[PDB]
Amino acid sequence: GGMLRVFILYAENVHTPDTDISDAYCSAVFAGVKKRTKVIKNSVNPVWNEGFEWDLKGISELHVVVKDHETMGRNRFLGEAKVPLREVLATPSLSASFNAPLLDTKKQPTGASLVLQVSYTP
């Protein structure tokens, strides 16, 4: 009964904490429901082009976390951003484009950016 369609397009300047080349994926959570992209192996500028659909069960910010896949182990945090969906309700098309600067554990910009398009079907 209603839908949130989030297309995660790409990221730029995604750098890990060492000599490893970013194995980046995004974990996005809307209304407590989490969706995660595939891992782009060995890229500092990952292109996912992955579309997602949050079934709005008849009912605001989108929280996206970018992590580095760790070759058999616990993935490491690279950066995160919160995007307000109010601006999505703003334009008549019920959709908007976002260029999100990734923030660190201390909420400071890491220098990486995530580009995603949101859309609402009431």
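Numbers for residues come from their place in the sequence shown, where the first is 1.
S.K.: As recorded in the PDB entry, how many deposited residues are without coordinates between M72 and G73: none, 1 to 3, 4 to 9, or 10 or more?
M.R.: Missing residues, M72 to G73: none.
S.K.: Which has higher Cα B-factors on average according to the PDB entry: 61-69 or 81-89?
M.R.: The deposited B-factors put 81-89 ahead on the C-alpha mean.
S.K.: Please work out which of 19-27 and 105-113 has the higher mean CA B-factor as recorded in the PDB entry.
M.R.: Averaged over C-alpha atoms, the B-factors run higher in 105-113.
S.K.: Looking at the C-alpha B-factor values in the deposited entry, which of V33, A96, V47, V39 comes out highest?
M.R.: Going by the entry's C-alpha B-factors, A96 comes out highest.
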